[PDB]
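Chain by chain, the residues:
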Amino acid sequence: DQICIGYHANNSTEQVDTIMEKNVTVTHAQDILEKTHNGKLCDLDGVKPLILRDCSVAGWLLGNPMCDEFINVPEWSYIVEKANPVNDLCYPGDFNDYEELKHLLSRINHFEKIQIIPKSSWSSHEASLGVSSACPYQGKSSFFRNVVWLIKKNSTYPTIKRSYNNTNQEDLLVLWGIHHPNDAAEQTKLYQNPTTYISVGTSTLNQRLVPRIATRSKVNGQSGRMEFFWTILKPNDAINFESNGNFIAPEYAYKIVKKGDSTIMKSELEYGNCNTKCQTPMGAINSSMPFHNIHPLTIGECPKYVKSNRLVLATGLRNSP
Amino acid sequence: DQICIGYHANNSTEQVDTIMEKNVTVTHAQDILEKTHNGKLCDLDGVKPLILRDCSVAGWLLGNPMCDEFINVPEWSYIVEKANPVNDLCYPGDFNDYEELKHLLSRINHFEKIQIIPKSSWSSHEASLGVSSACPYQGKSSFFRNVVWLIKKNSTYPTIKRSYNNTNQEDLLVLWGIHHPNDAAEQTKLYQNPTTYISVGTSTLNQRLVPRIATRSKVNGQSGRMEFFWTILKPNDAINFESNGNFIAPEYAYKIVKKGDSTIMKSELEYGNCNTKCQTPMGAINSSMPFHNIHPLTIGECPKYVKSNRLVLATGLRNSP
Amino acid sequence: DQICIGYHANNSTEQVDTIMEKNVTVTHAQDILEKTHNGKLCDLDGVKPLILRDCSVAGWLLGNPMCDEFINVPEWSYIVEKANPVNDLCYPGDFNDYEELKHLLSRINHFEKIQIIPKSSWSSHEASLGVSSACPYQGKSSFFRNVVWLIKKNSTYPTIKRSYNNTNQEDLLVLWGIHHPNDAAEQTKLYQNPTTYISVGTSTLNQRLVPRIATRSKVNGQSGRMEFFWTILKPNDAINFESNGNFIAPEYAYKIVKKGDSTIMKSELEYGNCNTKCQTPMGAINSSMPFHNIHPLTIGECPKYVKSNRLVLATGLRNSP
Amino acid sequence: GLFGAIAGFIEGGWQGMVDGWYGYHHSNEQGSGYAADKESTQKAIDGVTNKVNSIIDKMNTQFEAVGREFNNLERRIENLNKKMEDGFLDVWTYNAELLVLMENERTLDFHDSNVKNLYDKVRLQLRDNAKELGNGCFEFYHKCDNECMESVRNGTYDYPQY
Amino acid sequence: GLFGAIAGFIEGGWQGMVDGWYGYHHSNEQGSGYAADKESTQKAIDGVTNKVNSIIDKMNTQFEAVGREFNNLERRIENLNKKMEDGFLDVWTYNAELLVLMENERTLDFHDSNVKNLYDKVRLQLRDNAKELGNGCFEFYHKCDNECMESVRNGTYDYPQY
Amino acid sequence: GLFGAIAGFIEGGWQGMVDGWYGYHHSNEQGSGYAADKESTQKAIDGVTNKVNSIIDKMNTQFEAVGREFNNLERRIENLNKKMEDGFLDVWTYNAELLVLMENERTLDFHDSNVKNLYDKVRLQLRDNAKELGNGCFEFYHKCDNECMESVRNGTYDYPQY
Ligand SMILES: CC(=O)N[C@@H]1[C@@H](O)[C@H](O[C@@H]2O[C@H](CO)[C@H](O)[C@H](O[C@]3(C(=O)O)C[C@H](O)[C@@H](NC(C)=O)[C@H]([C@H](O)[C@H](O)CO)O3)[C@H]2O)[C@@H](CO)O[C@H]1O
Ligand SMILES: CC(=O)N[C@@H]1[C@@H](O)[C@H](O[C@@H]2O[C@H](CO)[C@H](O)[C@H](O[C@]3(C(=O)O)C[C@H](O)[C@@H](NC(C)=O)[C@H]([C@H](O)[C@H](O)CO)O3)[C@H]2O)[C@@H](CO)O[C@H]1O
Ligand SMILES: CC(=O)N[C@@H]1[C@@H](O)[C@H](O[C@@H]2O[C@H](CO)[C@H](O)[C@H](O[C@]3(C(=O)O)C[C@H](O)[C@@H](NC(C)=O)[C@H]([C@H](O)[C@H](O)CO)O3)[C@H]2O)[C@@H](CO)O[C@H]1O
Ligand SMILES: *[C@@H]1O[C@H](CO)[C@@H](O[C@@H]2O[C@H](CO)[C@@H](O)[C@H](O)[C@H]2NC(C)=O)[C@H](O)[C@H]1NC(C)=O
Ligand SMILES: *[C@@H]1O[C@H](CO)[C@@H](O[C@@H]2O[C@H](CO)[C@@H](O)[C@H](O)[C@H]2NC(C)=O)[C@H](O)[C@H]1NC(C)=O
Ligand SMILES: *[C@@H]1O[C@H](CO)[C@@H](O[C@@H]2O[C@H](CO)[C@@H](O)[C@H](O)[C@H]2NC(C)=O)[C@H](O)[C@H]1NC(C)=O
Ligand SMILES: *[C@@H]1O[C@H](CO)[C@@H](O[C@@H]2O[C@H](CO)[C@@H](O)[C@H](O)[C@H]2NC(C)=O)[C@H](O)[C@H]1NC(C)=O
Ligand SMILES: *[C@@H]1O[C@H](CO)[C@@H](O[C@@H]2O[C@H](CO)[C@@H](O)[C@H](O)[C@H]2NC(C)=O)[C@H](O)[C@H]1NC(C)=O
Ligand SMILES: *[C@@H]1O[C@H](CO)[C@@H](O[C@@H]2O[C@H](CO)[C@@H](O)[C@H](O)[C@H]2NC(C)=O)[C@H](O)[C@H]1NC(C)=O
Ligand SMILES: *[C@H]1O[C@H](CO)[C@@H](O[C@@H]2O[C@H](CO)[C@@H](O)[C@H](O)[C@H]2NC(C)=O)[C@H](O)[C@H]1NC(C)=O
Ligand SMILES: *[C@H]1O[C@H](CO)[C@@H](O[C@@H]2O[C@H](CO)[C@@H](O)[C@H](O)[C@H]2NC(C)=O)[C@H](O)[C@H]1NC(C)=O
Ligand SMILES: *[C@H]1O[C@H](CO)[C@@H](O[C@@H]2O[C@H](CO)[C@@H](O)[C@H](O)[C@H]2NC(C)=O)[C@H](O)[C@H]1NC(C)=O
């Protein structure tokens, strides 16, 4: 008669690593790394991402004519922009402090577009011939929809003196621009006056732009340039424009209704017609694991990203042959 | 007869955590996290902090009239500035490269103020009517004390051509400014000449400012703006001013006598009439512990900051019921 | 008769540290920290570093006359620049976006210099009197070799209108400059016209410089200043210059033939006439160790830098007296 | 392993013991069988659970990357930003893999320790009333029926009786 | 614990032993009492002291935050700066809490190991001259006065004598 | 050490055993000598090798500094950049020194564990056929020639024979 002390064994093949020995087979273990994703951009907490598709934050916000899909876009969870969106600045130029603006959007979930200066209101200037072949809509030369490219009327550009007071409770994102002409003849032709300026002023802002003339390679069929500027107009503050030429005026400016968690995700992917609690630029994630290795940039309630291929914890003991 | 082997027990309730078990009661232990502070801003190594109170680095350095407390301030250990000090730029404007300057102060413990251009010396210009209602002293319109707001005399602003040579052994912090007028009439009224400039030059500096005119919301009762610039004038270098209007000239400039460890601490707190070897924005620290969790930004000989609520090391053994 | 169980001992003095005990003598151990270097700058994988010696990236790229060694320098593995190279900007000034350019060089292994605008070609302007005493070559006043300092001919500076098209397959680094004169008389004297400008344009670039006049301390015997600008001209893009004075024109511009891993190392050391697989600013490294403590900034296939003085792993057991 | 029991003097585990991690196998005139020791087993389940949770929670607060964008003449800070983000990922990846490696090793030895301690516990009861076979088994000098076997698992083996 | 002594085969500690961490309790015709084993105790005090100092010193050089300020159009770098500072605090917080957790566990097992080793040390002297009771005690086959008890604590127990 | 064998009940190592880390020393009428136990030794060599490689590889991917330059009015970012680089060096320096410290301690105890396990392995064979001396030695009740000694190292010591 005898009694023995022993321990559990089973048919498990699961292996764990230790410091002194690799691929040790154990009776029980626990994987803690999420290795899979659905492969799709998805709604986040039921809330649809703003997907720009071929358009870019610039295309959208200036109102590129081929970004018509994105007028009055609803509240978004996050934004998705391609690496090289084709429909950007259709009329070549620059967007001043673009990255600082994009960064501002990571704090924003919804814009409400409103008209601050009506196109009709430009009685002493021509407001409807301000277009180019570079930004084309429906086969016809058009232009960034949210800003008016003002030109001279009966050979005269009288000084513009305009002022908008933000009576809304919100911060207002105001956009405008300056046009840089190819040559002196082009300047006089478009605006009559040879020496021009745009003074913009708020409680903080103290701007005065002048057009830089230079000979430039055609981009999108034009050698002329448009430099775009922005500000946040606080509530109960007023913005003051004054110019005698080369002024691209605001028509509509965006109201900032919801601030909160958001992100500009960078992906070539399109909408998946799905929903998730955790999204990555490669696809969405659904797991209880504490870790994953899909992609570092995520949004939502997610496991922690690690570069590991394998994370497996021993729970059971060393399993026998 | 028998002999037994055993171990110590005692009435200790101290508990420590391990990986497999929490709240284990041990005979002896050692707390290594400092959880308390006195709650006061304190002298550091006996050396008083420079406390700006309601004034700001700008208010102080330009010499805002309501920052009179802070003329010729003595050597400091560290500086304390509120989050939203009321007495900042009394006359609205900007302070150019302000953050780079504030950063410079983290390396400075003492300024010695000296007069480089006497107010008396402006014989061909009016130097004593350069004031505004926005910066008020004792019920009377005054101005930033360290710089002179020069205006025209008998309807004429002759070109200013002035030069200071740094014969001191020290680096000199020189401050000056440009005034931006509301309108063309205001420009002519104040300075006579319509097109003006300020050329500043040292061995490195090559500046030339022009006033930007724009219509601006009143701030502190004024729509006009003052943009302030600075440089470090090296020893045996000279600075050269030249202007025909809109020039805010240096009166006094600060000598940098002591360089060394310092910091701009951000706190609402006031002076505690105490002393310490380690200071935080919430209060001072006195302990032998290797760690604390009071606040990350500290100055002095301090324990290392951690976000832990509890750090307790077992020294003794598992204590018995 | 008896049998005993025991363990190995030997005459080893090697010691290792543990958490509870320091300087424990063990039978065997393994040092994993590399503590030595040869003390010399060395070829990297047989490929010589570009050693500027007394010259600086600026001196080299503008073609300072005393940096003649560095015309058409061959492919390099890494670049070595002193902390305060004497032969920098011989004619005082600034080099615009210098650090962003230096950063670009960390991605470059070889430039091939080519002439885009011939010095001969400036028929309507004087191109051979553009020199200064500050940049002296062979006892005679010379100038930055890669750019032409154009001045007036028969008292007239006609508008320059020049254009180079990049027909090469490569990106081209183009360099140019503006000259800031001491005074109005100096401006007219050198260039005739009093109000001047330089418009530069590519597909992206939209520059227009004007000379800032100011009174400046002499540096290197001159109070005048030269501000230098650059761009990367893409293949099949054209650059367009236009100026009526103060224009420092490109003669030669650098072709970017090899892009890849490189670095600007900062060392006072000279060439060692040696070769290595891993280089530091203090000397080269040759070891199989996983770690070293020589210097953090290295280039090549190197062990990982740690601040440790000693890293020694126990392999054997505790060795007996 | 460190404690010498698992894959040691006890050569192998038991496919036949499914009710626990550690236990006893008896064999006598009336039959033989496996019986899990609940106390040691439950102790182990608690130890390892807490461990897994402790590991999960310590990693809870860890670096999170954000999208930040930089224009063509901000290459230095773009690079700085990339290195910063990469740097933290590397640090936290290392933390995770090391922790798993180190604790995995501790977990196996923990099980080994529990088997040995259980063995010693039994050994100390039987004393000179049974032969220590060298393999985890004790061969009794007296007949030991199921009652007797039960008392060994009980902790109740009456040594002065036998 | 790993070594099976503390709260193991030795069920509980002794409120009556104040002169040390580990020791002996004797009982014979002439009385009973506690006596600390100085050697093992001092070894433990040294081990743990060094540990605490080793921990304090490794943490010595650790990240320190500085105040840096950024205007309204430097939000990217402000954010970058914040993440960098937060990132390091999180890393060093984790380092500290893990170290404490891991070493605390090692400290308890260390004490357990020292108790067991002391027990084995005594066991190996007495050999078959005393009964191993199963609870940390040895019951002698011969009368063992204070001299005799002292020789056991000595390391000097003369086995061939008894 | 944790396991009580090395510099414990076995007081010291053997300069005379050069063929391995652990082994046996025999002495009988026909002479005496050292014999390394290959199995335990090789196990140790594998354990420690893997350890050293495991340590080297985990440190493989670690922060690398790059040269980045900043002008006179970019002091904030210059400083930020310096802190970032310094911060990571400190973190990785700490990681390296701790790992070495912790694992060094584990390595010594590992060797101690292997010696003890080997001792127990022998003890469990001999059983009551030899006296446990208290120092790592077993004194036989029967004459034990080289054949007999060999069978103990074999694992083959025929207990029912003697
Ligand atoms: C080699 C040659 O002779 N080529 C001309 C060719 O230039 C010319 O086309 C016109 O060229 C001008 C400038 O040279 C503009 O590029 C014209 O394009 C437009 C545009 O689409 O943007 C026309 C548009 O109506 C204009 N709109 C406004 C508000 O001005 C704009 C605008 O003026 C400029 O873009 C401002 O920079 O320009 C383009 O049609 C043709 C026909 O004139 O003849 C060729 O021989
Ligand atoms: C609706 C209306 O008519 N309002 C005027 C009101 O403007 C005016 O007050 C004066 O307004 C001017 C500009 O419009 C300045 O704001 C005057 O303030 C001062 C100031 O305190 O700063 C007066 C001061 O003496 C001036 N100092 C100097 C050195 O010039 C400054 C200075 O000129 C400007 O600030 C430069 O931008 O302005 C303010 O008194 C009153 C009385 O004139 O009449 C109202 O009807
Ligand atoms: C106190 C006094 O009277 N001093 C003058 C002294 O200035 C003068 O020397 C000349 O001074 C001028 C400006 O004042 C320049 O510094 C001359 O230097 C050069 C130079 O070497 O760079 C001469 C050179 O030939 C010029 N080259 C060109 C292309 O113009 C340059 C250039 O004009 C300027 O550098 C542009 O800023 O200047 C220097 O010889 C002497 C002799 O004239 O008389 C002293 O009394
Ligand atoms: C442990 O097991 C892993 C996975 O089963 C082995 O990984 C393979 O390694 C071999 C060569 O070493 C390759 O042919 C396979 O492609 C690998 N697959 C992997 C890593 O997923 C590994 O070799 C084993 N490691 C050791 C030390 O034995
Ligand atoms: C923009 O408009 C608002 C209201 O239309 C202005 O705020 C009022 O300004 C008046 C004018 O002097 C004051 O009497 C009131 O006290 C203010 N009331 C409210 C509700 O705001 C505001 O000042 C205007 N902004 C600017 C910069 O002129
Ligand atoms: C260990 O002890 C701590 C502190 O005594 C316990 O903390 C309390 O937890 C309960 C709920 O779990 C709360 O009601 C208290 O507010 C907590 N106070 C604290 C954390 O200071 C903790 O619950 C115990 N942990 C375990 C695992 O038993
Ligand atoms: C500022 O003043 C100092 C001394 O007053 C100047 O330094 C001297 O300059 C003279 C003038 O040519 C030289 O002869 C001396 O060799 C210098 N001596 C000393 C002690 O500095 C200085 O050069 C002046 N600075 C400028 C920029 O003009
Ligand atoms: C362990 O050994 C080291 C190196 O042999 C000792 O280091 C020396 O320390 C003493 C004072 O403590 C100094 O005089 C020497 O200059 C040190 N040399 C070194 C560190 O390389 C160290 O003291 C010993 N540490 C302990 C805890 O005993
Ligand atoms: C620079 O030159 C190249 C070729 O010399 C130009 O590219 C050609 O441009 C012509 C002119 O209209 C086109 O017909 C061709 O399709 C292009 N061919 C090639 C091979 O490039 C280039 O466009 C010029 N760049 C600029 C900005 O004018
Ligand atoms: C463990 O088992 C022993 C023997 O198998 C138990 O003793 C018996 O208990 C049963 C059930 O109560 C009684 O009917 C018998 O009279 C007892 N026989 C003997 C030989 O003891 C004992 O109760 C159990 N002990 C524990 C702690 O569970
Ligand atoms: C430990 O104690 C033993 C016995 O208690 C000591 O032996 C006695 O020592 C005393 C003091 O020197 C003598 O007077 C006696 O004659 C000895 N009696 C016996 C029975 O040995 C012994 O000296 C001690 N050993 C150590 C190492 O301290
Ligand atoms: C280990 O050694 C034992 C005894 O020393 C070996 O037994 C002998 O083996 C030799 C060689 O084959 C034979 O010639 C003898 O007849 C055997 N004698 C005895 C007493 O056994 C045994 O073979 C060895 N066992 C192992 C596993 O190596």
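Rules behind the numbers
- Residues numbered from 1 in each chain as written, not as in the entry; some residues may be left out.
- Chains lettered and ligands numbered in written order.
- Heavy atoms only, no water.
- Helix = DSSP H or I, 4+ residues; strand = E, 2+ residues; numbered from the N terminus.
- Rg over C-alpha atoms; globule rule 2.2 N^0.38 Å.
- Buried < 20%, exposed > 50% of the residue type's maximum accessible area, 1.4 Å probe, protein only.
- Areas by Shrake-Rupley, 256 points an atom, 1.4 Å probe, with all protein chains shown as cover.
- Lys, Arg positive; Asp, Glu negative; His and termini not counted.
- Charge placed at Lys NZ, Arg CZ, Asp CG, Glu CD.
- Salt bridge = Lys/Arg side-chain N within 4 Å of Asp/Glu carboxyl O.
- Axes fitted to C-alpha atoms, helices over the stretch in contact; angles between N-to-C directions.
- Parallel < 35°, antiparallel > 145°, perpendicular 65-115°, else oblique.
- Left-handed = near helix turned anticlockwise from the far one by under 90°.
- Nonpolar A, V, L, I, M, F, W, Y, C, P; charged D, E, K, R; others polar.
- Pairing = 2+ DSSP bridges.
- Near = heavy atom within 4 Å.
- Polar contact = N/O pair within 3.5 Å; in protein donor to acceptor, adjacent residues only side chain to side chain.
- UniProt positions renumbered as here; feature names shortened; annotations may be inferred.
- Disulfide = S-S within 2.5 Å.
- Contact = heavy atoms within 4.5 Å.
- Buried area = accessible area lost by both parts, 1.4 Å probe.
- Core = buried A, V, L, I, M, F, W, Y, C linked by side-chain atoms within 4.5 Å.
- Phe/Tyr/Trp six-rings, centres within 6.5 Å; stacked < 30°, edge-to-face > 60°.

1. What to know about the overall build of chain A
Part 1: The helix and strand tally for chain A stands at three helices and 29 strands.
Part 2: A globule of 321 residues ought to have a C-alpha radius of gyration of about 20 Å, yet chain A, at 29 Å, is considerably larger.
Part 3: Seen along its three principal axes, the alpha-carbon backbone of chain A occupies a region of about 120 × 45 × 35 Å.
Part 4: Burial status across chain A gives 57% buried among its 321 residues.
Part 5: Carbon together with sulfur atoms contributes 45% to the accessible area of chain A, which is approximately 13500 Å² in total.
Part 6: Each charge class in chain A can be summarised by its mean position, and for the 32 positive and 32 negative side chains these summaries are 7 Å apart.

2. Points about the pattern of salt bridges
Residue and element names in this part refer to chain B.
Part 1: By the definition in use, this model includes 78 salt bridges over all chains.
Part 2: Between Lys258 and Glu75 there is a salt bridge, with the nearest N and O atoms lying 3.0 Å from each other. Separated by 183 residues along the polypeptide, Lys258 in strand β21 (residues 252–259) and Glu75 in the loop between α1 (57–62) and β8 (79–81) bring together distant segments of the chain.
Part 3: By relative accessible area, which is 36% here, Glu75 ends up partly exposed.

3. What to know about the packing of helix α2 (residues 75–126) of chain D against helix α2 (residues 75–126) of chain F
Part 1: Running from amino to carboxyl end, α2 of chain D crosses α2 of chain F at an angle of 15 degrees, the nearest separation of the two axes being 12 Å. Our classification of the angle between α2 of chain D and α2 of chain F gives roughly parallel. You can see that α2 of chain D and α2 of chain F cross each other, and the crossing is left-handed.
Part 2: Partitioned by chemical class, the residues of the contact of α2 of chain D with α2 of chain F number 16 nonpolar, four polar and nine charged.

4. Let's talk about the sheet that holds strand β24 (residues 278–280) of chain B
Strand-to-strand pairing in sheets goes through backbone hydrogen bonds, with the strands running parallel or antiparallel.
All names here are of chain B.
Part 1: A sheet is described by the order of its strands in space; here three strands give the open sequence β25-β24-β27, paired in antiparallel fashion. In this open sheet, the two edge strands, each paired with only one partner strand, are β25 (283–284) and β27 (299–300).
Part 2: Sheet analysis places β24 next to β27, joined by two bridges and oriented antiparallel. The partner of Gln279 across the bridge, within β27, is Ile299.

5. Re the site of ligand 2
Residue and element names in this part refer to chain B.
Part 1: Taken together, 13 residues are adjacent to ligand 2, and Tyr91, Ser132, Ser133, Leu190 and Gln222 come closest.
Part 2: Here an oxygen atom of ligand 2 sits 2.7 Å away from a polar atom, N or O, in the side chain of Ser132.
Part 3: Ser133 places a polar main-chain atom, nitrogen or oxygen, 2.6 Å from an oxygen atom of ligand 2.
Part 4: For ligand 2, whose free accessible area comes to 820 Å², the fraction covered by protein is 43%.
Part 5: Among the residues forming the shell around ligand 2, the class breakdown is five nonpolar, seven polar and one charged.

6. Notes on the UniProt feature "coiled-coil region" (unreviewed entry) in chain D
Part 1: Cross-referencing UniProt, the feature "coiled-coil region" (unreviewed entry) maps to residues 56–90 of chain D in the present numbering.
Part 2: End C-alpha to end C-alpha, residues 56–90 of chain D measures 18 Å, and it is 60% helix and 0% strand.

7. Digging into the sheet that holds strand β5 (residues 33–34) of chain B
Residue and element names in this part refer to chain B.
Part 1: With respect to topology, three strands assemble into an open sheet ordered β5-β26-β28, the strand pairing being parallel. If you trace the sheet from one side to the other, it starts and ends with β5 and β28 (304–305), each paired once.
Part 2: In this structure, β5 lies alongside strand β26 (residues 291–292), joined through two bridges in parallel fashion. Residue pairing in the sheet places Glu34 in a bridge with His292 of β26.

8. Considering the side chain of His125 of chain B
Residue and element names in this part refer to chain B.
Part 1: By the secondary structure assignment, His125 is in the loop between β10 (108–115) and β11 (132–137).
Part 2: In this structure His125 comes out as buried when scored by relative accessible area, which is 6%.
Part 3: At a separation of 2.7 Å, a polar atom in the side chain of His125 contacts the main-chain carbonyl oxygen of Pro158.

9. With respect to the state of the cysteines
Part 1: Enumeration according to the criterion identifies 18 disulfides over all chains in this entry.
Part 2: The partner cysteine of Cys4 of chain B in its disulfide is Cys137 of chain E, sulfur to sulfur 2.1 Å. On the S-S bond that ties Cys4 of chain B to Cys137 of chain E, the torsion sits near 100 degrees, and the link is right-handed. Of this pair, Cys4 of chain B sits in strand β1 (residues 2–7) while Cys137 of chain E sits in strand β4 (residues 137–140), which puts the two residues in different chains. Here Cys4 of chain B matches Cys137 of chain E in class, with each residue buried.

10. Overview of the interface of chain D and chain A
Part 1: Each side of the interface is counted separately: chain D has 67 residues, and chain A has 44 residues.
Part 2: Surface buried jointly by chain D and chain A totals about 4700 Å² across both partners, of which 63% is contributed by carbon and sulfur atoms.
Part 3: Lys102 of chain A is paired through a salt bridge with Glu69 of chain D; the nearest N and O atoms lie 2.7 Å apart.
Part 4: For the interface between chain D and chain A, the tally reads 28 residue pairs in polar contact.
Part 5: Here the side of chain D that touches chain A takes 22 residues from α2 of chain D, the largest share from any one element.
Part 6: In terms of residue class, the side of chain D that touches chain A is made up of 37 nonpolar, 18 polar and twelve charged.
Part 7: As judged from the six bridges shared by strand β1 (residues 2–7) of chain A and strand β1 (residues 22–28) of chain D, these two strands associate in the antiparallel manner. Counted as the bridge partner of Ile5 of chain A is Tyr24 of chain D from β1 of chain D.

11. Notes on the nonpolar core
Part 1: Grouped together as the largest cluster of nonpolar side chains are 165 residues, with contacts concentrated most on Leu126 and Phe140 of chain D, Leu126 and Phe140 of chain E together with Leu126 and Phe140 of chain F.
Part 2: In contact with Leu126 of chain E, other than residues within four places in its own chain, are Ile3 of chain B together with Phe138, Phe140, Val152, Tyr157 and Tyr159 of chain E.

12. Focus: the site of ligand 12
Residue and element names in this part refer to chain F.
Part 1: Around ligand 12, the surrounding shell consists of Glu147, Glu150, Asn154 and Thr156.
Part 2: With respect to ligand 12, the backbone of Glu147 contributes an N or O atom lying 3.2 Å from an oxygen atom.
Part 3: Within the contact set of ligand 12, an oxygen atom lies 2.3 Å away from a side-chain nitrogen or oxygen of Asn154.
Part 4: For ligand 12, whose unbound accessible area comes to 580 Å², protein coverage reaches 30%.
Part 5: Class assignment of the residues belonging to the shell around ligand 12 gives a composition of no nonpolar, two polar and two charged.

13. What about the pairing of strand β1 (residues 2–7) of chain C?
Part 1: Burial analysis of β1 of chain C places five of its six residues in the buried class, which makes it a mostly covered element.
Part 2: Alignment of β1 of chain C against strand β4 (residues 137–140) of chain F, held across three bridges, turns out to be antiparallel. When the sheet's bridge partners are listed, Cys4 of chain C is paired in β4 of chain F with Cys137 of chain F.

14. A few points about the packing of aromatic side chains
Part 1: Taken as a whole and judged by the stated rule, the model has 69 aromatic pairs over all chains.
Part 2: Considering the side-chain rings of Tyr91 of chain A and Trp149 of chain A, the 5.5 Å spacing of their centres and the 75 degrees angle between planes classify their relative orientation as edge-to-face. Of this pair, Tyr91 of chain A sits in the loop between β8 (79–81) and β9 (93–95) while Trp149 of chain A sits in strand β13 (residues 147–149), placing them 58 residues apart in sequence. A single burial state applies to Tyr91 of chain A and to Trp149 of chain A, both of which are buried.
Part 3: Between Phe111 of chain B and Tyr254 of chain B, the aromatic rings sit 5.2 Å apart at their centres with planes inclined by 45 degrees, giving tilted as the arrangement. Placement of the pair is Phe111 of chain B in strand β10 and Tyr254 of chain B in strand β21, with a sequence separation of 143 residues.

15. Looking at the environment of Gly224 of chain C
All names here are of chain C.
Part 1: Relative to the helices and strands, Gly224 resides in the loop between β17 (206–209) and β18 (225–233).
Part 2: With a relative accessible area of 0%, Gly224 lands in the buried category.
Part 3: It is 31 Å that separates the C-alpha atoms of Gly224 and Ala238, two residues lying 14 residues apart in sequence.
Part 4: Other than its neighbours up to four places away in sequence, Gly224 contacts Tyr91, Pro92, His179, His180, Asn182 and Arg216.

16. Regarding helix α3 (residues 146–154) of chain D
Part 1: Buried residues of α3 of chain D: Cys148, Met149, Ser151, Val152 and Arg153 of chain D, and no others.
Part 2: On the buried face of α3 of chain D, the contacting elements are β1 of chain A together with β1, β2 (31–36), α2 and β4 (137–140) of chain D.
Part 3: Phi for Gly155 of chain D, located one or two positions after α3 of chain D, is positive at around 95 degrees.

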